[PDB]
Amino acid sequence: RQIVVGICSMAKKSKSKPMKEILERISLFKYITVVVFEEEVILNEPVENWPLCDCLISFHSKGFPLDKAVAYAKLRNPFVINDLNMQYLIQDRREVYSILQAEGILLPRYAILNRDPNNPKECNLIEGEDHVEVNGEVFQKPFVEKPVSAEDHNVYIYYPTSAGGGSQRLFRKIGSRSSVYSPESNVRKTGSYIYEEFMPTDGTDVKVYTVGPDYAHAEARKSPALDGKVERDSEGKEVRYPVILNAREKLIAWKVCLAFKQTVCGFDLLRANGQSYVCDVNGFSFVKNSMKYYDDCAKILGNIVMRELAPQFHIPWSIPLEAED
């Protein structure tokens, strides 16, 4: 009798190259069998018909029925790698920043503008040419405006008059671009937003990817904040720059992983003013195009499974040593 690790996510994720790379490696564990739940089953079958597993790796993305995943876990009580209830909170940037603050994690100064869709003018916003006031809090340009929905990637940056004004509108990458300049200088007038101070960086973002609290891979990418042209190598994959996290940042990774209860967790750092600020926590995310990450991630996940479940399966297990990479 094998320990069964169930993978429960949308097909776009379950059949992604990084997923296939990691699952083939987890399958190399002698006592582990991987079962990938079919999307048609996830969407159309009641949770009572879903396959059994002892350990569940499951995560929300666009179109995923999180309610069903939660009901399945309640029904079968598997060992859960990425907590499902926290994935509701991960979808809401206000909840994300609230958790970060509670954990003493540095983040941009921010304020929430909650807008009544039937009374859009009644909200706590005053606008000047070079600043906004949100619930009385002043944000001088440059500042950042994010939809409260973490799944809405239409994040806008507003430039000061001294820089020519206008705004940068970011979006999910469409081919060669991830943002574009707009002459519009005034903030959006419908929707709820987080406003935050613009953190000055060297023009890159640090993307961090945890596999449990003691392993995190980091890499840097050009920020879409000022120029929206995507940098590509001769093979057409986005250019990445090497990063090694300092001691403070490794602690940040440890805190984020545990606070959100997401063993596999992507989050973003802005290296600004000699500190590192978290500006986004995405939850489940694999590194792409690193063979070493595929090896390390599968080994760690397999080891977590074996550590937790070998005793009840009466399987001998000695806990091995793992890199922090």
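Quick note: we count residues from 1 along the sequence shown, nothing fancier. In this text, rigid core is short for the largest set of C-alphas that superpose within 1.5 Å between two forms.
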Compare 221-229 with 165-173 and report which one shows the larger root mean square C-alpha deviation from this form in 8 other deposited structures of this protein once the rigid core is superposed. 221-229
Stretch with larger C-alpha RMS deviation in 8 other deposited structures of this protein, core superposed, 76-84 versus 111-119: 111-119
Regarding 277-285 and 40-48, which shows the higher C-alpha temperature factor on average in the entry? 40-48
Entry-level comparison of average CA B-factors, 310-318 and 14-22, reporting the higher stretch: 310-318
Between 290, 61, 263, 58, which carries the biggest CA temperature factor in the record? 290
Compare the CA B factors listed in the entry for 169, 109, 172, 146 and report the winner. 172
Chain third (lowest, middle, highest) by recorded CA B-factor, residue given as residue 92: lowest
Cα B factor band for residue 164 (lowest, middle or highest third within the chain): highest
Pull the Cα B-factor of residue 249 out of the PDB entry and bin it into the chain's lowest, middle or highest third. lowest
Within this chain's modelled residues, let me know which third the CA B factor of residue 242 belongs to: lowest, middle or highest. lowest
Chain-relative C-alpha B factor for residue 208 (record values, thirds): the lowest
